[PDB]
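Heads up, the thing below is written out as structure tokens.
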Amino acid sequence: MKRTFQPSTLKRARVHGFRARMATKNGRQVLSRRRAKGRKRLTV
Amino acid sequence: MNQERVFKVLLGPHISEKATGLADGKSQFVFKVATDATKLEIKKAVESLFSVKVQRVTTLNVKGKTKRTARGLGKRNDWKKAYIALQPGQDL
Amino acid sequence: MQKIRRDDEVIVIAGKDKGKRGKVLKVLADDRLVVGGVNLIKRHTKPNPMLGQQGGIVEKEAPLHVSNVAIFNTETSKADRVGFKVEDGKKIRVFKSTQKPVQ
Amino acid sequence: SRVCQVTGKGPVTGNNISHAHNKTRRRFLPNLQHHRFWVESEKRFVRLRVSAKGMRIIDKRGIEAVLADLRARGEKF
Amino acid sequence: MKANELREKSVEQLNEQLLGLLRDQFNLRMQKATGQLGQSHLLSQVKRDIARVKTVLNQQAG
RNA sequence: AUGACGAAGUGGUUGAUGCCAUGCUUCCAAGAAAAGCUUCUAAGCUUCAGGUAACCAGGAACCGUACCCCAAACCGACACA
RNA sequence: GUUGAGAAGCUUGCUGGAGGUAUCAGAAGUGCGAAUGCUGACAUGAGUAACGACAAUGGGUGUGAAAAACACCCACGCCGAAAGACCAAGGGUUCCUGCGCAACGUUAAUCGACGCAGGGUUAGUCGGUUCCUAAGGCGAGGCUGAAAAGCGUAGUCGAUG
RNA sequence: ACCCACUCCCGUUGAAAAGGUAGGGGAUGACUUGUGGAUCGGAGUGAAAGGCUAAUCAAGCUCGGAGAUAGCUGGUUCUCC
RNA sequence: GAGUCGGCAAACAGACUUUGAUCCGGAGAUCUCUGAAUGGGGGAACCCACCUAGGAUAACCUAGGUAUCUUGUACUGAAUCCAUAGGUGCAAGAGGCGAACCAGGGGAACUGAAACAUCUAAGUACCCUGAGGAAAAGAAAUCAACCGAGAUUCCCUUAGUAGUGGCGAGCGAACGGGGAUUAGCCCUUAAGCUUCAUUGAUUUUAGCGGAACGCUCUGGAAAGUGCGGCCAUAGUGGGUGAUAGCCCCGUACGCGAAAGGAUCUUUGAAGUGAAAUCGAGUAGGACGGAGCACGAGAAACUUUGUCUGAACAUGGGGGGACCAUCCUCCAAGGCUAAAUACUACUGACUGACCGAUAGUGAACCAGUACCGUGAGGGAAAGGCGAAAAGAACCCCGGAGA
Ligand SMILES: [Mg+2]
Ligand SMILES: [Mg+2]
Ligand SMILES: [Mg+2]
Ligand SMILES: [Mg+2]
Ligand SMILES: [Mg+2]
Ligand SMILES: [Mg+2]
Ligand SMILES: [Mg+2]
Ligand SMILES: [Mg+2]
Ligand SMILES: [Mg+2]
Ligand SMILES: [Mg+2]
Ligand SMILES: [Mg+2]
Ligand SMILES: [Mg+2]
Ligand SMILES: [Mg+2]
Ligand SMILES: [Mg+2]
Ligand SMILES: [Mg+2]
Ligand SMILES: [Mg+2]
Ligand SMILES: [Mg+2]
Ligand SMILES: [Mg+2]
Ligand SMILES: [Mg+2]
Ligand SMILES: [Mg+2]
Ligand SMILES: [Mg+2]
Ligand SMILES: [Mg+2]
Ligand SMILES: [Mg+2]
Ligand SMILES: [Mg+2]
Ligand SMILES: [Mg+2]
Ligand SMILES: [Mg+2]
Ligand SMILES: [Mg+2]
Ligand SMILES: [Mg+2]
Ligand SMILES: [Mg+2]
Ligand SMILES: [Mg+2]
Ligand SMILES: [Mg+2]
Ligand SMILES: [Mg+2]
Ligand SMILES: [Mg+2]
Ligand SMILES: [Mg+2]
Ligand SMILES: [Mg+2]
Ligand SMILES: [Mg+2]
Ligand SMILES: [Mg+2]
Ligand SMILES: [Mg+2]
Ligand SMILES: [Mg+2]
Ligand SMILES: [Mg+2]
Ligand SMILES: [Mg+2]
Ligand SMILES: [Mg+2]
Ligand SMILES: [Mg+2]
Ligand SMILES: [Mg+2]
Ligand SMILES: [Mg+2]
Ligand SMILES: [Mg+2]
């Protein structure tokens with residue numbers, strides 16, 4: 001049974017990484033929200 | 001290297017059983033080096049210091065071990081190791 | 001400036017040794033001090049081949065709170081409080097009762 | 001954007017109101033047209049995007065006085 | 001070495017004083033890497049002397 | 001493990017889905033791109049620079065490399081049919 | 001033990017080891033058995049079902065507090081277009097050695113992908129990086145759009161080639 | 001092989017939140033498959049089943065409006081007259 | 001002014017310090033890499049460069065520069081003759097983050113109306129932009145009512161009144177009055193504001209001194225018992241072996257700055273306000289919207305998307321349809337403090353606030369563990385003793401538990 005998580009660190013980086021978030025304005029909002037909450041990890 | 005960088009490249013000899021066996025059998029000496037030390041900087045440092053002639057330097061990076069202990073997952077530093085082969089006569 | 005300093009003749013004014021005198025051997029940062037011959041405790045020390053300790057019930061002084069001792073006036077033979085008489089350019093410790101230096 | 005270069009008229013909002021008084025958000029846009037204005041002192045045609053009121057201002061004030069205001073306002077033609 | 005006596009020397013003298021301290025630091029590192037270093041205060045004090053020399057060198061040659 | 005020696009080490013046949021083959025034939029649904037590479041000149045450069053060939057000398061940096069990988073080490077909460 | 005009609009009060013033995021509060025007022029997060037209430041602890045079922053492919057074990061020896069399971073030896077059986085050997089992805093030290101067995105391992109464990117410590121990965125030629133581009137991305141100016149932006153030229157990235 | 005999923009049985013606090021054994025269909029094609037990429041919430045995608053869009057679909061998830069509203073169900077704690 | 005080498009969290013080592021260490025405060029220096037990230041690229045913390053100057057001979061090293069855009073300026077520069085567009089250099093500036101407050105652009109629905117569409121929710125939530133310590137507004141083309149008031153902003157009233165409203169549910173003034181603050185200046189160019197000097201005042205960022213208690217009983221320990229004192233501009237603080245004005249640290253009170261920051265000020269200098277020179281595509285009008293408590297109503301006024309369009313103080317605006325008379329003001333140019341809003345942050349003080357299922361989600365290594373592709377969700381977990389004095393040694397047990 002193939003499950004939903006098929007890991008690919010390259011795909012993970014390009015969809016959820018720091019530069020993917022910084023590229024847009026809503027992505028920068030995620031980083032602002034996660035900095036304001038104090039998340040130790042900011043992106044993945 | 002063209003400065004006081006010569007003294008910041010070699011961190012010390014490696015004291016393993018594989019190191020001593022290499023020193024005796026072959027003429028290779030295992031050193032701990034700075035993580036940003038190129039193979040040319042290591043060769044020059046071992047020639048300026050220790051006053052020997054280096055034949056070939058091979059390097060490898062060593063991952064620091066994690067040791068998840070005592071309220072969290074820690075991690076030792078990544079470090080670099082150099083295998084330094086000299087001429088047969090020299091003993092460093 | 002500490003009112004009670006290392007190497008000072010003091011008298012125990014509170015505790016099990018109340019009345020005994022001694023010299024301050026060590027001053028600690030938790031408002032505690034060590035006085036010779038005062039507050040002995042019997043510590044059950046496990047012997048170690050290293051460090052040269054043979055074990056046994058080792059007896060040693062235990063730290064005592066700084067406010068449980070008083071500076072000792074040898075002139076009046078009693079405990080005294082300590083003030084600070086700041087001179088023209090020097091600060092020195094004097095006894096409150098007699099206004100005379102401790103030293 | 002749909003802004004007049006002369007008057008600064010831009011889109012404004014408002015309501016469409018039906019006979020039963022249902023209100024619908026709508027926009028009111030300026031009557032923007034592209035027009036080339038002859039500038040004798042430059043011997044050049046300057047193409048502007050103006051509302052029809054902005055073209056009337058150029059008739060009343062002249063393209064030279066209008067273009068000077070455009071330079072002082074910063075945005076270029 | 002206190003900065004008072006460091007500040008008297010010239011730039012050339014200060015630069016050889018740094019090269020000497022760096023060689024002492026390197027030698028102390030070799031001893032520590034083989035367990036042959038009885039002292040341990042020298043490691044911390046040698047790098048304070050290097051910091052002192054570099055501080056004077058920075059402020060002497062403006 | 002320890003360190004020296006160490007014989008024979010040749011013919012026949014069979015034979016790939018591997019190679020020739022990015023070939024050949026045929027078909028229709030008509031089958032990447034760019035660079036490296038070769039060559040030609042323009043602007044420039046003209047005793048130069050550059051190019052070619054020979055010889056000599058030297059170099060080839062940095063990162064990965066353990067281990068599992070139809071699995072108990074990956075995706076399935078599990079040492080999961 | 002005792003007192004009151006009651007909510008309750010009072011006295012005292014033991015435990016406890018530093019706080020409590022008469023009286024009369026004043027303020028309330030003021031009284032719990034239910035809400036398939038919420039959190040934690042612990043029952044019943046019950047020492048019951050189960051111990052995860054029906055490829056399979058037997059013996060000897062050792063070690064050890066202890067051996068069906070660890071190691072070795074002699075047999076037996078199973079896979080063998082894999083249940084063998086690799087490359088990639090993914091994981092990240094699980095690799096090897098010494099010491100160890102609380103917990104983890106569906107039992108025991110001396111054994112382990114488990115705990116503690118040390119060691120171990122060496123490149124001009126392998127794979128990356130570097131060069132080049134595909135889809136596609138971003139995209140100076142630019143065009144467009146209330147704003148945020150959208151699209152896209154020059155370019156610049158982007159391998160699965 | 002690989003992809004699929006027609007039948008029975010088992011399993012149904014499963015070895016498994018869809019499997020297994022035995023049979024079954026396609027197996028040079030409108031084929032299967034890896035890597036990378038594009039399209040998404042009244043929107044996408046659909047050889048069309050209202051199918052699928054991270055075990056969630058006649059309008060995903062997440063946070064906010066928000067303590068929506070609930071003529072409904074449940075519950076509502078000491079004493080006495 | 002005598003100890004010290006930060007904490008969990010100590011153990012041994014090696015040292016430092018009355019040649020004044022640790023520590024506290026001011027000013028400097030250094031300040032890897034990522035991130036607006038800015039030399040180019042990128043899967044953040046990585047990869048690859050170029051230019052200049054210097055120094056090494058090998059395979060480099062040191063220092064600086066190299067983003068884009070805006071403004072200004074200099075040099076060049078097409079189609080195209082002059083030009084212009086463009087290109088290159090230089091100088092200045094900006095970009096990003098931050099809980100709320102402010103101004104503005106866009107703008108729901110659930111809900112209520114006991115259904116629902118006008119209406120409500122609400123110009124709310126949310127998204128976006130810009131600015132500042134406040135912002136905005138602001139010096140009557142304003143009200144009033146024939147008496148007068150005299151910018152703006154904020155509080156209390158008027159008043160749930162007038163009005164508005166499928167005249168339903170709802171929405172909801174003003175005049176007038178009482179207060180807080182008070183300030184007005186210019187376009188024949190000012191009050192102000194900014195910056196740099198400059199004269200004095202404070203204030204802030206380390207600190208210093210700081211009173212006065214003994215005996216006795218119980219007790220492990222006294223601060224508690226009993227007796228007797230003293231200080232108080234210091235008496236209900238925190239600790240100390242049980243409850244301390246007099247044991248310690250403090251407290252009232254009085255002093256203190258080499259250096260930096262800040263706020264008031266006295267002068268001075270430029271800069272700005274600055275729009276130049278009294279307001280024309282403006283006032284008014286028609287259509288369609290929005291706002292004014294006002295939902296078209298008998299609907300004044302403001303505003304503008306479309307279309308038009310005056311007069312010039314002998315003029316013009318308003319006084320809630322509209323007209324006449326009267327009163328009042330002078331729009332189409334500007335600047336302006338205070339009273340007002342907010343607190344992510346720093347300090348002190350306080351509480352008929354909580355006290356570990358409470359109080360922050362978080363008293364503890366918590367936005368952690370863990371869950372999720374991700375946005376995001378999101379815990380549990382405090383207490384030996386006064387002091388480790390944390391149990392030497394013996395015995396059983398596997399050199400265990
Ligand atoms: Mg080699
Ligand atoms: Mg390598
Ligand atoms: Mg390998
Ligand atoms: Mg599962
Ligand atoms: Mg198993
Ligand atoms: Mg499995
Ligand atoms: Mg109960
Ligand atoms: Mg009940
Ligand atoms: Mg039964
Ligand atoms: Mg049974
Ligand atoms: Mg059974
Ligand atoms: Mg089994
Ligand atoms: Mg056992
Ligand atoms: Mg295998
Ligand atoms: Mg591990
Ligand atoms: Mg192993
Ligand atoms: Mg077990
Ligand atoms: Mg292990
Ligand atoms: Mg684009
Ligand atoms: Mg652009
Ligand atoms: Mg490329
Ligand atoms: Mg490839
Ligand atoms: Mg058939
Ligand atoms: Mg149907
Ligand atoms: Mg699904
Ligand atoms: Mg719906
Ligand atoms: Mg609501
Ligand atoms: Mg509800
Ligand atoms: Mg960069
Ligand atoms: Mg970049
Ligand atoms: Mg020309
Ligand atoms: Mg800004
Ligand atoms: Mg309703
Ligand atoms: Mg500011
Ligand atoms: Mg203002
Ligand atoms: Mg009058
Ligand atoms: Mg003092
Ligand atoms: Mg005092
Ligand atoms: Mg007690
Ligand atoms: Mg005017
Ligand atoms: Mg008008
Ligand atoms: Mg008017
Ligand atoms: Mg009237
Ligand atoms: Mg005006
Ligand atoms: Mg809590
Ligand atoms: Mg409790």
Side-chain angles (χ1 to χ4, degrees), chain A residues 1-20 22-23 25 30 32-33 36-40 42-44, chain B residues 1-3 5 16-18 38-40 58-63 65-66 71-72 81-83, chain C residues 1-3 5-6 13-16 18 27 31 39 41-47 55-58 62-68 70 81 83-84 86 91 96, chain D residues 1-2 9-17 20-22 25-31 42-44 52-53 56-57 60-61 74, chain E residues 38-42 44-45 51 54-55 58-59:
Chain A
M1 269 151 309
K2 197 222 280 233
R3 296 299 168 187
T4 66
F5 187 50
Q6 298 317 316
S8 153
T9 88
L10 187 269
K11 278 163 76 97
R12 186 174 185 75
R14 289 201 188 148
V15 183
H16 311 291
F18 183 85
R19 307 199 81 235
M22 282 298 283
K25 211 142 163 283
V30 173
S32 283
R33 273 199 311 274
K37 213 201 184 153
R39 293 276 192 189
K40 170 197 86 145
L42 219 54
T43 49
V44 281
Chain B
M1 282 172 11
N2 246 332
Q3 37 266 78
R5 174 91 167 109
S16 51
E17 322 68 59
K18 193 185 162 160
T38 69
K39 261 135 76 156
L40 176 66
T58 60
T59 43
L60 60 102
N61 286 288
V62 201
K63 267 186 217 160
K65 292 181 203 144
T66 39
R71 75 200 159 293
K81 145 193 322 173
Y83 288 92
Chain C
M1 189 159 171
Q2 306 159 15
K3 287 183 179 178
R5 180 188 171 322
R6 197 192 51 245
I13 50 144
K16 65 187 180 157
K18 168 166 67 37
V27 176
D31 272 87
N39 255 44
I41 39 81
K42 290 162 273 187
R43 159 84 225 205
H44 300 4
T45 326
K46 260 227 204 292
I57 319 232
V58 174
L64 189 139
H65 199 264
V66 72
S67 93
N68 283 1
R81 296 195 301 291
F84 296 99
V86 178
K91 186 200 293 188
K96 291 287 211 33
Chain D
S1 33
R2 288 187 182 104
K9 265 185 202 300
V12 299
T13 60
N15 276 315
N16 272 132
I17 302 145
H21 244 261
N22 313 109
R25 293 311 286 162
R26 72 162 278 182
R27 313 176 90 214
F28 289 93
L29 300 177
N31 191 8
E42 299 169 9
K43 279 299 178 73
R44 172 177 65 121
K53 162 182 208 73
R56 287 179 86 234
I57 292 177
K60 169 159 173 155
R61 278 178 49 98
Chain E
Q39 325 278 46
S40 98
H41 69 283
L42 299 173
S44 167
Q45 96 171 42
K54 262 154 177 306
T55 311
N58 202 262
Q59 93 203 15

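Each chain gets a letter, A, B and so on, in the order its sequence line appears, and its residues count up from 1. What you see below is based on every heavy atom in this structure, not just the backbone, and it leaves out hydrogens, waters and symmetry mates.
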Sugar-phosphate, base or nothing in reach of B:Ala82, heavy atoms under 4.0 Å
nothing
Report task. Select base, sugar-phosphate, or nothing to describe what A:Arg33 touches, counting heavy atoms under 4.0 Å on all strands. Result -> sugar-phosphate
5' to 3', nucleotides 144-161 of chain G under a 4.0 Å protein heavy-atom cut-off (B base, S sugar-phosphate only, - none) gives -BBSSS--------SS--
Any Watson-Crick or G-U wobble pairing between I:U111 and I:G374, both distances under 3.5 Å? no
Pair flag I:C335 x I:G86, Watson-Crick or wobble criteria, under 3.5 Å: no
Per the glycosidic torsion and the 90° limit around 0, nucleotide G:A81 is anti
Quiz question: going by heavy-atom distance under 3.5 Å, is there a donor-acceptor pair between the base of I:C8 and the side chain of B:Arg71?
yes
Are there any protein N/O atoms within less than 3.5 Å of an N/O atom in nucleotides 366-369 of chain I, and if so, which ones and at what distance?
unit_1, atom_1, unit_2, atom_2, d
I:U368, OP1, A:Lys40, N, 2.4
I:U368, OP2, A:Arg39, NH1, 3.4

Residues at least two apart in sequence or cross-chain that pass side-chain contact (heavy atoms from CB on, under 4.5 Å) with D:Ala20, listed by chain then number, are D:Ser18, D:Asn22
Between A:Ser8 and A:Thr4, the residue closer to the 5' end of RNA chain H by nearest nucleotide is A:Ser8
Sorted by chain and residue number, the salt bridge (charged side-chain N to carboxylate O under 4.0 Å, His left out) partners of E:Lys54 (sequence neighbours excluded) come out as B:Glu4
Problem - Stacking status for step I:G219-I:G220 (5.5 Å, 30° cutoffs) - result: no
Those residues at least two apart in sequence (or on a different chain) that pass side-chain hydrogen bond (donor to acceptor under 3.5 Å, both in side chains) with A:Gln6 are none
Watson-Crick or G-U wobble, both distances under 3.5 angstrom: are I:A74 and I:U360 paired? no
Going by torsion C1'-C2'-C3'-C4' being positive (north) or negative (south), I:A257 has its sugar south
For nucleotides 279-294 of chain I, 5' to 3', base contacts (B), sugar-phosphate-only contacts (S) and non-contacts (-) with protein non-hydrogen atoms under 4.0 Å give -BBS-----BSS----
Which of I:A56, I:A388, I:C119 is nearest the side chain of B:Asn2? It is I:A56
For A:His16, the side-chain hydrogen bond (donor to acceptor under 3.5 Å, both in side chains) test, sequence neighbours excluded, returns none
Is the phosphate of I:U84, meaning OP1 or OP2, less than 4.0 Å from a side-chain N or O of D:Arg44?
-> no
* Do the bases of I:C294 and I:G320 pair up, Watson-Crick or G-U wobble style, with both gaps under 3.5 Å? -> yes
RNA chain H nearest-nucleotide lookup for A:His16 and A:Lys2: closer to the 5′ end is A:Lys2
On the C1'-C2'-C3'-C4' sign convention (north positive, south negative), I:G281 is classed south
query: NA contact type, D:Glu42, heavy-atom cut-off 4.0 Å: base, sugar-phosphate, or nothing?
result: nothing
By side-chain contact (heavy atoms from CB on, under 4.5 Å), E:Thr55 pairs with (sequence neighbours left out) E:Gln59
Base orientation of G:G92, chi within 90° of 0 counted as syn, else anti, reads syn
Check: Within the structure shown, what part of the strands sits under 4.0 Å from C:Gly83 by heavy-atom distance: base, sugar-phosphate, or nothing?
Finding: sugar-phosphate
*Atom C1', compared across I:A389 and I:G238: separation rounded to whole Å*: 27 Å
With both distances under 3.5 Å required, do H:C57 and H:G41 pair Watson-Crick or G-U wobble?
yes
Its contact letters, B for base, S for sugar-phosphate only and - for none at protein heavy atoms under 4.0 Å, make nucleotides 29-36 of chain I read SS----SS
Exercise. How is A:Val15 classified with respect to the nucleic acid when contacts are heavy atoms under 4.0 Å: base, sugar-phosphate, or nothing?
Worked result: nothing
Any Watson-Crick or G-U wobble pairing between I:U346 and I:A358, both distances under 3.5 Å? no
Across all chains, not counting sequence neighbours, the side-chain contact (heavy atoms from CB on, under 4.5 Å) partners of C:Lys42 are C:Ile57, C:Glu59
Sugar-phosphate only, base, or nothing, as touched by D:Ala20 at under 4.0 Å among non-hydrogen atoms: sugar-phosphate
Under 4.0 Å from OP1 or OP2 of F:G64: is there any side-chain N or O of B:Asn61 that close? yes
Closest to the 5' end of RNA chain I, once C:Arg81 and A:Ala36 are matched to their nearest nucleotides, is A:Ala36
When only distance counts, do a donor and an acceptor, one from the side chain of B:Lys65 and one from the base of G:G119, lie under 3.5 Å apart? yes
The side-chain hydrogen bond (donor to acceptor under 3.5 Å, both in side chains) partners of B:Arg71 (sequence neighbours excluded) come to none
Report task. Please verify, for I:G170 and I:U164, whether Watson-Crick or G-U wobble pairing holds with both distances under 3.5 Å? Result -> yes
Taken in chain and number order and not counting sequence neighbours, the residues that satisfy side-chain hydrogen bond (donor to acceptor under 3.5 Å, both in side chains) with D:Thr13 are D:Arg25
Phosphate-side-chain proximity, A:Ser32 and I:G98, N/O vs OP1/OP2 below 4.0 Å: yes
Would you mind classifying the nucleic acid contact of C:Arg43 as base, sugar-phosphate or nothing, using non-hydrogen atoms under 4.0 angstrom? sugar-phosphate
| query | Phosphate oxygens OP1/OP2 of I:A221: is one of them under 4.0 Å from a side-chain N or O of C:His65? | reply | no
Taking for D:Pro30 and for C:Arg6 the nucleotide of RNA chain I with the nearest heavy atom, the one nearer the 5' end belongs to C:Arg6
Check: For the base of G:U122, is there a side-chain donor-acceptor partner from B:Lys18 under 3.5 Å away?
Finding: yes
